[PDB]
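Participant: Please see the structure below; I have some questions.
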Amino acid sequence: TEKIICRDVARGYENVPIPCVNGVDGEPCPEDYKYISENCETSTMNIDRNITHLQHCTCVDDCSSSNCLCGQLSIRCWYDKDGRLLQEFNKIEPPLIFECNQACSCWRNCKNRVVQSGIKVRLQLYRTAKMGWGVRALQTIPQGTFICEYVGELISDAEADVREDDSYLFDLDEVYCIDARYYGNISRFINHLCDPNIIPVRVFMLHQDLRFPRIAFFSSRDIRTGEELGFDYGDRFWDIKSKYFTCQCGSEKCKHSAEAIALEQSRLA
Amino acid sequence: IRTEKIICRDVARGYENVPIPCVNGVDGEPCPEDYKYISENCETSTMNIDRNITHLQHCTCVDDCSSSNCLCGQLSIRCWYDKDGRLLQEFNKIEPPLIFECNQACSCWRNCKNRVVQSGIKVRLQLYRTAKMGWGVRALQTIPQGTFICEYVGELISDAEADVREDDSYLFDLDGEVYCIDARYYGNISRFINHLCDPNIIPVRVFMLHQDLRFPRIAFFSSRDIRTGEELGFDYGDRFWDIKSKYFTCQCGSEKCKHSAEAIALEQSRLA
Ligand SMILES: CCCN(C)c1nc(NC2CCN(C)CC2)c2cc(OC)c(OC)cc2n1
Ligand SMILES: CCCN(C)c1nc(NC2CCN(C)CC2)c2cc(OC)c(OC)cc2n1
Ligand SMILES: C[S@@+](CC[C@H](N)C(=O)[O-])C[C@H]1O[C@@H](n2cnc3c(N)ncnc32)[C@H](O)[C@@H]1O
Ligand SMILES: C[S@@+](CC[C@H](N)C(=O)[O-])C[C@H]1O[C@@H](n2cnc3c(N)ncnc32)[C@H](O)[C@@H]1O
Ligand SMILES: [Zn+2]
Ligand SMILES: [Zn+2]
Ligand SMILES: [Zn+2]
Ligand SMILES: [Zn+2]
Ligand SMILES: [Zn+2]
Ligand SMILES: [Zn+2]
Ligand SMILES: [Zn+2]
Ligand SMILES: [Zn+2]
């Protein structure tokens with residue numbers, strides 16, 4: 001039987017609660033990390049927060065016209081009137097998104113502020129059959145909807161190079177990383193799928209320091225209620241981890257299962 | 001003859017929890033636009049604020065932070081907020097302590113009892129044209145003593161930078177090296193609050209997402225019950241008036257006014 005073990009893993013820091021349930025095993029709600037809703041720093045990074053360094057728009061409407069400078073910074077604003085990615089949006093090679101900011105002339109409710117407005121969908125941390133904890137939707141989610149941000153500890157690549165536990169690392173684009181092992185949000189629990197239903201997009205909001213894009217997950221297709229969320233962790237992850245464990249996503253397109261790995265090595269010979 | 005007109009529906013452009021409208025029933029001055037409204041402090045040079053999460057003092061509370069064991073409350077002797085978010089009656093309004101609110105490192109939840117200022121504006125205010133002092137800010141409702149009103153928000157600048165700025169009419173001094181909040185070019189609603197010699201709000205230094213003591217955030221709390229329609233005002237202090245008295249005098253109208261033309265003249269006469 002599935003029981004609601006924690007009413008909100010985010011401790012009230014998100015717009016909506018994120019409960020945790022486990023109907024698979026005896027594992028209690030995870031507590032070996034610190035939930036944070038926004039990225040943190042553990043060393044001197046000096047993110048460029050100078051307000052005069054922000055590119056910004058002069059719109060006095062809702063930023064829905066093609067004349068919005070912030071939209072032009074990403075070719076065009078990719079958000080429709082409902083805050084969802086346009087359907088033409090390149091989900092294979094996503095552009096950088098520049099949302100409106102505190103230097104823009106527009107109001108806080110304009111159409112170019114989806115990610116900075118936070119989580120709106122109902123998500124749940126749940127125990128999966130084969131992959132530990134995972135995150136699933138508690139509602140239908142149309143294609144192009146903002147889900148959540150990959151939040152954690154900002155670290156340099158040199159620091160990432162010496163960290164033991166690399167299971168919760170997201171590479172940003174000298175390069176930096178978000179390590180969600182010790183400090184992270186709900187995204188640290190999202191598993192890898194070889195047939196993913198969310199995609200990461202690099203976004204700029206209150207600063208435009210190009211070393212530190214913020215990573216926003218949007219649905220790449222319609223997601224049904226109860227479906228597990230997953231993104232493609234990529235080849236760096238799997239080149240490292242395949243020798244320790246194999247993919248359990250179960251897709252017919254799986255490239256990282258024990259079977260898939262074995263079939264590739266057999267054709268080598 | 002002259003009617004009160006609503007000139008701006010919200011000077012904050014939706015950035016606060018509530019709209020802050022602007023009205024004028026005094027003169028023909030339109031909504032002020034010679035500044036940029038920001039709801040949080042901005043930086044225009046490298047300030048190197050200590051934002052390292054491991055440097056935060058934080059509590060281990062598993063309740064709502066109402067117990068005497070909350071470290072964050074202990075950092076100010078005690079938590080000074082009652083269950084409704086208002087300062088205790090014993091709060092020292094003459095020399096207020098530093099307040100350390102709970103933060104992202106504390107074990108407690110976002111709704112604990114020690115998070116008043118970080119939750120933003122809750123009272124209903126209005127920017128309005130005063131009779132003698134330009135724009136001012138007044139209450140649209142009764143406000144009990146001890147209630148958080150708004151933060152003094154603007155551009156963080158060094159003492160050396162403040163020393164070279166022409167317009168010093170919107171400066172709040174923070175105090176090693178010293179910093180200032182300049183609300184002339186970037187500011188929130190607080191930039192429009194006038195000076196009162198009998199003030200009804202007091203500034204309190206508060207720490208929230210960081211604890212870099214060079215950069216307290218300035219929170220105004222009511223020092224007494226405030227009536228509907230009453231203009232808000234704080235004591236700008238002697239540095240302001242030592243500079244400005246030669247250009248204009250106080251129009252607050254209090255019998256206790258210490259900066260009016262009359263008060264200045266009576267001091268000149270007592271020398272002679
Ligand atoms: C420029 C790349 C930033 N760097 C250094 C890095 N390092 C990883 N891992 C190791 C960390 C420990 N050292 C002993 C060797 C390298 C790593 C592992 C990832 O997933 C298993 C991953 O997934 C997206 C990204 C990763 N990124
Ligand atoms: C930490 C910053 C300390 N500093 C430098 C400062 N300077 C002010 N003014 C002047 C600026 C132009 N220089 C040529 C001379 C000094 C000044 C004026 C204030 O109100 C009229 C005030 O009110 C609270 C605070 C002020 N603070
Ligand atoms: C960022 S975490 C995801 C949350 C994790 N399941 C947990 O319980 O904390 C990454 C780890 O989840 C597991 N995992 C994620 N995707 C997987 C997959 N497709 N197949 C097998 N294990 C997976 C692996 O242990 C991986 O190192
Ligand atoms: C920070 S501003 C306050 C908002 C200002 N009234 C406005 O219209 O922008 C400070 C200036 O307001 C005016 N002021 C504020 N308090 C005053 C007072 N008690 N008596 C006369 N003028 C005052 C002076 O011009 C002063 O330099
Ligand atoms: Zn715009
Ligand atoms: Zn906009
Ligand atoms: Zn904009
Ligand atoms: Zn797979
Ligand atoms: Zn506490
Ligand atoms: Zn607390
Ligand atoms: Zn605390
Ligand atoms: Zn006065």
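Labels for the structure tokens follow display order: chains A, B, ..., residues from 1 in each chain, ligands from 1.
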Excluding range 203-216 of chain A and its own-chain neighbours fewer than 3 positions away, which residues fall within 7 Å of it when counting only C-alpha atoms? Please give them as a list in words.
Facilitator: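 Skipping anything fewer than 3 positions along the chain leaves residues 47, 48, 49, 54, 96, 97, 98, 99, 100, 101, 102, 115, 116, 148, 149, 150, 172, 175, 176 and 200 of chain A.
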Participant: Ligand 2: which residues are within 9 Å, counting only C-alpha atoms and all ligand atoms, as a ChimeraX atom specification?
Facilitator: /B:157-175,177-182,236-244
Participant: Residues of chain B were defined as contacting chain A if any atom lay at most 9 Å from it, counting only C-alpha atoms; please report them as a compact mmCIF listing (two decimals) with N, CA and C atoms, in the first residue's frame.
Facilitator:
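result_37.txt written:
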```txt
# COMPACT_ATOMS: atom_id res chain seq x y z
N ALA B 12 4.71 50.11 -8.36
CA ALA B 12 5.62 48.97 -8.26
C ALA B 12 5.54 48.02 -9.45
N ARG B 13 4.66 48.28 -10.42
CA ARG B 13 4.58 47.48 -11.64
C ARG B 13 4.38 45.99 -11.34
N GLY B 14 3.61 45.69 -10.29
CA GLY B 14 3.31 44.31 -9.95
C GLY B 14 4.39 43.58 -9.18
N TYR B 15 5.46 44.27 -8.77
CA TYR B 15 6.56 43.60 -8.09
C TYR B 15 6.35 43.41 -6.59
N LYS B 36 13.89 54.47 -11.31
CA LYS B 36 13.50 53.10 -11.64
C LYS B 36 13.00 52.41 -10.38
N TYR B 37 11.74 51.96 -10.38
CA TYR B 37 11.24 51.21 -9.23
C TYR B 37 11.85 49.81 -9.22
N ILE B 38 12.49 49.46 -8.10
CA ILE B 38 12.96 48.10 -7.86
C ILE B 38 12.43 47.65 -6.50
N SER B 39 12.08 46.37 -6.40
CA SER B 39 11.54 45.87 -5.14
C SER B 39 12.61 45.31 -4.22
N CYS B 42 19.66 46.80 -5.44
CA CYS B 42 20.47 46.52 -6.62
C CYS B 42 21.91 46.94 -6.37
N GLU B 43 22.79 46.45 -7.24
CA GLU B 43 24.21 46.74 -7.20
C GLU B 43 24.60 47.29 -8.56
N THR B 44 25.46 48.30 -8.57
CA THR B 44 25.98 48.90 -9.79
C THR B 44 27.50 48.83 -9.86
N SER B 45 28.10 48.08 -8.95
CA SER B 45 29.53 47.79 -8.95
C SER B 45 29.67 46.53 -8.12
N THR B 46 30.87 45.95 -8.15
CA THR B 46 31.13 44.72 -7.41
C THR B 46 31.18 44.99 -5.91
N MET B 47 30.26 44.38 -5.17
CA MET B 47 30.22 44.57 -3.73
C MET B 47 30.76 43.38 -2.95
N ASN B 48 30.84 42.22 -3.59
CA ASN B 48 31.39 41.01 -2.98
C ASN B 48 30.69 40.70 -1.66
N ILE B 49 29.36 40.79 -1.68
CA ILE B 49 28.56 40.36 -0.54
C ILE B 49 28.81 38.89 -0.27
N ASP B 50 29.01 38.54 0.99
CA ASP B 50 29.26 37.14 1.36
C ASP B 50 27.95 36.36 1.27
N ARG B 51 27.80 35.56 0.21
CA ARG B 51 26.61 34.74 -0.01
C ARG B 51 26.87 33.26 0.19
N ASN B 52 28.02 32.90 0.76
CA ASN B 52 28.36 31.49 0.96
C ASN B 52 27.39 30.85 1.96
N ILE B 53 26.65 29.83 1.52
CA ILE B 53 25.60 29.25 2.36
C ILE B 53 26.17 28.65 3.63
N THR B 54 27.42 28.18 3.59
CA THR B 54 28.04 27.58 4.76
C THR B 54 28.44 28.62 5.80
N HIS B 55 28.37 29.91 5.48
CA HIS B 55 28.67 30.96 6.44
C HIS B 55 27.44 31.41 7.21
N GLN B 104 17.72 29.94 4.36
CA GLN B 104 17.69 28.72 3.57
C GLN B 104 18.52 27.60 4.19
N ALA B 105 19.39 27.90 5.16
CA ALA B 105 20.14 26.87 5.87
C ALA B 105 19.42 26.33 7.10
N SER B 107 16.69 24.47 9.46
CA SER B 107 15.90 23.26 9.27
C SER B 107 14.40 23.52 9.21
N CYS B 108 13.96 24.71 9.60
CA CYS B 108 12.55 25.01 9.75
C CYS B 108 11.92 25.25 8.38
N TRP B 109 10.60 25.40 8.39
CA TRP B 109 9.84 25.61 7.17
C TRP B 109 9.74 27.10 6.83
N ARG B 110 9.39 27.36 5.57
CA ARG B 110 9.30 28.73 5.08
C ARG B 110 8.24 29.55 5.81
N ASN B 111 7.30 28.90 6.49
CA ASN B 111 6.24 29.60 7.21
C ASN B 111 6.51 29.71 8.71
```
Participant: Within 10 Å of ligand 12, counting only C-alpha atoms and all ligand atoms: which residues, as a CSV table (one decimal) with N, CA, C and O atoms, in the first residue's frame?
Facilitator:
```
chain,number,residue,atom,x,y,z
B,195,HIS,N,10.4,63.0,6.0
B,195,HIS,CA,10.9,63.1,7.3
B,195,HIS,C,9.8,63.6,8.3
B,195,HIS,O,9.1,64.6,8.0
B,196,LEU,N,9.6,63.0,9.4
B,196,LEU,CA,8.8,63.5,10.5
B,196,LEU,C,9.6,63.6,11.8
B,196,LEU,O,10.4,62.7,12.1
B,197,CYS,N,9.5,64.8,12.4
B,197,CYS,CA,10.2,65.0,13.7
B,197,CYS,C,9.6,64.1,14.8
B,197,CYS,O,10.2,63.9,15.8
B,198,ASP,N,8.3,63.8,14.6
B,198,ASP,CA,7.6,62.8,15.5
B,198,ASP,C,7.3,61.6,14.7
B,198,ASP,O,6.1,61.5,14.2
B,199,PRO,N,8.2,60.7,14.4
B,199,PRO,CA,8.0,59.7,13.4
B,199,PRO,C,7.1,58.6,13.9
B,199,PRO,O,7.0,58.3,15.1
B,235,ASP,N,12.6,59.5,11.1
B,235,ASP,CA,13.5,60.6,11.4
B,235,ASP,C,14.8,60.4,10.5
B,235,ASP,O,15.5,59.4,10.7
B,249,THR,N,13.5,74.0,5.1
B,249,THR,CA,13.3,73.7,6.5
B,249,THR,C,12.1,72.7,6.6
B,249,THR,O,11.4,72.4,5.6
B,250,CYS,N,12.0,72.1,7.7
B,250,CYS,CA,11.0,71.0,7.9
B,250,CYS,C,9.6,71.6,7.9
B,250,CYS,O,9.3,72.6,8.6
B,251,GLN,N,8.7,70.9,7.2
B,251,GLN,CA,7.3,71.2,7.2
B,251,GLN,C,6.4,70.2,7.9
B,251,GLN,O,5.2,70.1,7.6
B,252,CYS,N,7.0,69.4,8.8
B,252,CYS,CA,6.2,68.3,9.4
B,252,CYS,C,5.1,68.8,10.2
B,252,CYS,O,4.1,68.1,10.4
B,253,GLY,N,5.2,70.0,10.7
B,253,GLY,CA,4.1,70.6,11.5
B,253,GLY,C,3.9,70.2,12.9
B,253,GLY,O,3.0,70.6,13.6
B,254,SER,N,4.8,69.3,13.4
B,254,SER,CA,4.7,68.9,14.8
B,254,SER,C,5.1,70.1,15.7
B,254,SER,O,6.0,70.9,15.4
B,255,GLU,N,4.4,70.1,16.9
B,255,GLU,CA,4.9,71.1,17.9
B,255,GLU,C,6.3,70.7,18.4
B,255,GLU,O,7.0,71.6,18.8
B,256,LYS,N,6.7,69.5,18.2
B,256,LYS,CA,8.0,69.0,18.6
B,256,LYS,C,9.0,69.1,17.4
B,256,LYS,O,10.1,68.5,17.5
B,257,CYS,N,8.6,69.9,16.4
B,257,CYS,CA,9.5,70.0,15.2
B,257,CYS,C,10.8,70.6,15.6
B,257,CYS,O,10.8,71.7,16.3
B,258,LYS,N,12.0,70.0,15.3
B,258,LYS,CA,13.3,70.5,15.6
B,258,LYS,C,14.0,71.1,14.4
B,258,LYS,O,15.2,71.5,14.5
B,259,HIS,N,13.4,71.1,13.2
B,259,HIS,CA,14.1,71.5,12.0
B,259,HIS,C,13.3,72.5,11.2
B,259,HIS,O,13.6,72.8,10.0
B,260,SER,N,12.2,73.1,11.7
B,260,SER,CA,11.5,74.1,11.1
B,260,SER,C,12.2,75.4,11.1
B,260,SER,O,13.2,75.6,11.9
B,261,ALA,N,11.8,76.4,10.2
B,261,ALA,CA,12.4,77.7,10.3
B,261,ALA,C,12.3,78.3,11.7
B,261,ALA,O,13.3,78.9,12.1
B,263,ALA,N,12.1,76.7,14.6
B,263,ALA,CA,13.0,76.0,15.5
B,263,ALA,C,14.4,76.4,15.3
B,263,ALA,O,15.2,76.6,16.2
```
Participant: Which protein, DNA or RNA residues have an atom within 9 Å of ligand 8, counting only C-alpha atoms and all ligand atoms, as a list in words?
Facilitator: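 Residues satisfying the distance criterion: residues 192, 193, 194, 195, 246, 247, 248, 249, 250, 251, 252, 253, 254, 255, 256, 257 and 260 of chain A.
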Participant: Could you list, as a CSV table (one decimal) with C-alpha atoms, in the first residue's frame, all residues that come within 9 Å of ligand 1? Count only C-alpha atoms and all ligand atoms.
Facilitator:
```
chain,number,residue,atom,x,y,z
A,156,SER,CA,33.7,25.1,-10.7
A,157,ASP,CA,34.7,22.3,-13.1
A,158,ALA,CA,38.0,22.0,-11.1
A,159,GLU,CA,35.9,21.4,-8.0
A,160,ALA,CA,33.7,18.9,-9.8
A,161,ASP,CA,36.9,17.1,-10.9
A,162,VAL,CA,37.7,16.2,-7.2
A,163,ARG,CA,34.2,15.3,-5.9
A,164,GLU,CA,33.5,11.7,-4.9
A,165,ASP,CA,29.8,11.6,-5.6
A,166,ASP,CA,29.1,12.6,-9.2
A,167,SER,CA,25.6,11.1,-9.3
A,168,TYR,CA,23.9,14.6,-9.0
A,169,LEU,CA,25.9,16.8,-11.4
A,170,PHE,CA,24.6,18.9,-14.2
A,171,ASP,CA,27.3,20.5,-16.5
A,172,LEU,CA,26.6,24.1,-17.4
A,173,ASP,CA,27.6,24.8,-21.1
A,174,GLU,CA,35.9,27.8,-18.4
A,175,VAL,CA,32.8,25.8,-17.3
A,176,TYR,CA,30.8,25.4,-14.2
A,177,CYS,CA,28.4,22.8,-12.8
A,233,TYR,CA,21.5,12.6,-18.5
A,234,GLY,CA,23.8,12.4,-21.6
A,235,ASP,CA,26.9,10.5,-22.5
A,236,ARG,CA,29.3,11.9,-19.9
A,237,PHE,CA,27.1,10.5,-17.2
A,238,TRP,CA,26.7,7.1,-18.8
A,239,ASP,CA,30.4,6.8,-20.0
A,240,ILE,CA,31.3,7.1,-16.3
A,241,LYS,CA,28.4,5.2,-14.6
```
Participant: For range 224-226 of chain B, list every protein, DNA or RNA residue within 8 Å, evaluated using only C-alpha atoms, and leave out those in the same chain fewer than 2 positions away; present the list as number ranges by chain.
Facilitator: B: 139, 142-146, 200-201, 222, 228, 230
Participant: Deliver the residues from the most recent selection as a file, using N, CA and C atoms, as a PDB file, in the first residue's frame.
Facilitator:
```pdb
ATOM      1  N   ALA B 139      -0.992  55.620   4.827  1.00  0.00           N
ATOM      2  CA  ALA B 139      -1.681  54.360   5.070  1.00  0.00           C
ATOM      3  C   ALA B 139      -3.117  54.422   4.558  1.00  0.00           C
ATOM      4  N   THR B 142      -5.790  51.139   9.122  1.00  0.00           N
ATOM      5  CA  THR B 142      -5.115  51.213  10.412  1.00  0.00           C
ATOM      6  C   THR B 142      -3.973  50.204  10.458  1.00  0.00           C
ATOM      7  N   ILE B 143      -2.875  50.594  11.100  1.00  0.00           N
ATOM      8  CA  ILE B 143      -1.706  49.725  11.223  1.00  0.00           C
ATOM      9  C   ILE B 143      -1.282  49.670  12.686  1.00  0.00           C
ATOM     10  N   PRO B 144      -1.390  48.521  13.350  1.00  0.00           N
ATOM     11  CA  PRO B 144      -0.991  48.454  14.757  1.00  0.00           C
ATOM     12  C   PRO B 144       0.502  48.690  14.926  1.00  0.00           C
ATOM     13  N   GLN B 145       0.870  49.156  16.119  1.00  0.00           N
ATOM     14  CA  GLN B 145       2.273  49.281  16.487  1.00  0.00           C
ATOM     15  C   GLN B 145       3.006  47.962  16.258  1.00  0.00           C
ATOM     16  N   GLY B 146       4.241  48.063  15.767  1.00  0.00           N
ATOM     17  CA  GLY B 146       5.098  46.908  15.591  1.00  0.00           C
ATOM     18  C   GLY B 146       4.959  46.182  14.273  1.00  0.00           C
ATOM     19  N   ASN B 200       6.471  57.935  12.933  1.00  0.00           N
ATOM     20  CA  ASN B 200       5.614  56.800  13.246  1.00  0.00           C
ATOM     21  C   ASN B 200       6.162  55.479  12.728  1.00  0.00           C
ATOM     22  N   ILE B 201       7.325  55.487  12.078  1.00  0.00           N
ATOM     23  CA  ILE B 201       8.024  54.259  11.708  1.00  0.00           C
ATOM     24  C   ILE B 201       9.482  54.379  12.135  1.00  0.00           C
ATOM     25  N   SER B 222       6.209  50.045  12.238  1.00  0.00           N
ATOM     26  CA  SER B 222       5.498  51.128  12.905  1.00  0.00           C
ATOM     27  C   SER B 222       5.908  51.205  14.372  1.00  0.00           C
ATOM     28  N   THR B 228      -5.798  55.346   9.724  1.00  0.00           N
ATOM     29  CA  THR B 228      -6.086  55.382   8.297  1.00  0.00           C
ATOM     30  C   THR B 228      -5.873  56.794   7.778  1.00  0.00           C
ATOM     31  N   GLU B 230      -3.038  58.391   7.593  1.00  0.00           N
ATOM     32  CA  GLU B 230      -1.890  59.067   8.180  1.00  0.00           C
ATOM     33  C   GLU B 230      -0.654  58.888   7.306  1.00  0.00           C
TER      34      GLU B 230
END
```
Participant: Where does DSSP see strand (DSSP E) in range 24-235 of chain B, if you list the residues as a count of residues only?
Facilitator: 57
Participant: Residues at most 6 Å from ligand 9, using only C-alpha atoms and all ligand atoms? Could they come as a list in words?
Facilitator: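 Sorted by chain and then by number, the residues are residues 59, 61, 65, 70 and 72 of chain B.
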Participant: Which of these, A:147, A:63, A:223, A:178, has the shortest distance to ligand 6 once you count only C-alpha atoms and all ligand atoms?
Facilitator: A:63
Participant: At what distance in Å, to one decimal, does CA of residue 4 in chain A lie from CA of residue 226 in chain A?
Facilitator: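 Those two atoms sit 14.9 Å apart.
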Participant: Would you mind reading off the distance between CA of residue 191 in chain B and CA of residue 118 in chain B, one decimal, in Å?
Facilitator: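 Answer for the CA of residue 191 in chain B to CA of residue 118 in chain B separation: 19.0 Å.
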Participant: Taking only C-alpha atoms and all ligand atoms into account, produce a table as a tab-separated table in which each residue of chain B with an atom at most 12 Å from an atom of ligand 11 appears once, together with its shortest atom pair and the distance in Å to one decimal, ordered by chain and rising number.
Facilitator:
```
residue	atom	partner	partner_atom_place_in_ligand_line	distance
B:56	CA	ligand 11	1 (Zn)	9.7
B:57	CA	ligand 11	1 (Zn)	7.9
B:58	CA	ligand 11	1 (Zn)	4.7
B:59	CA	ligand 11	1 (Zn)	4.0
B:60	CA	ligand 11	1 (Zn)	7.0
B:61	CA	ligand 11	1 (Zn)	7.1
B:62	CA	ligand 11	1 (Zn)	10.0
B:63	CA	ligand 11	1 (Zn)	10.5
B:64	CA	ligand 11	1 (Zn)	9.5
B:65	CA	ligand 11	1 (Zn)	7.0
B:66	CA	ligand 11	1 (Zn)	10.4
B:67	CA	ligand 11	1 (Zn)	11.1
B:68	CA	ligand 11	1 (Zn)	11.7
B:69	CA	ligand 11	1 (Zn)	10.1
B:70	CA	ligand 11	1 (Zn)	6.4
B:71	CA	ligand 11	1 (Zn)	6.4
B:72	CA	ligand 11	1 (Zn)	4.7
B:73	CA	ligand 11	1 (Zn)	7.4
B:74	CA	ligand 11	1 (Zn)	9.7
B:75	CA	ligand 11	1 (Zn)	9.9
B:76	CA	ligand 11	1 (Zn)	11.7
B:78	CA	ligand 11	1 (Zn)	11.9
B:79	CA	ligand 11	1 (Zn)	10.2
B:99	CA	ligand 11	1 (Zn)	11.4
B:100	CA	ligand 11	1 (Zn)	8.1
B:101	CA	ligand 11	1 (Zn)	6.4
B:102	CA	ligand 11	1 (Zn)	3.6
B:103	CA	ligand 11	1 (Zn)	5.9
B:104	CA	ligand 11	1 (Zn)	8.4
B:105	CA	ligand 11	1 (Zn)	7.6
B:106	CA	ligand 11	1 (Zn)	4.6
B:107	CA	ligand 11	1 (Zn)	7.0
B:108	CA	ligand 11	1 (Zn)	6.5
B:109	CA	ligand 11	1 (Zn)	9.0
B:110	CA	ligand 11	1 (Zn)	9.8
B:111	CA	ligand 11	1 (Zn)	11.1
B:112	CA	ligand 11	1 (Zn)	8.5
B:113	CA	ligand 11	1 (Zn)	9.4
B:114	CA	ligand 11	1 (Zn)	7.2
B:115	CA	ligand 11	1 (Zn)	8.8
B:207	CA	ligand 11	1 (Zn)	11.1
B:208	CA	ligand 11	1 (Zn)	9.6
B:209	CA	ligand 11	1 (Zn)	10.9
```
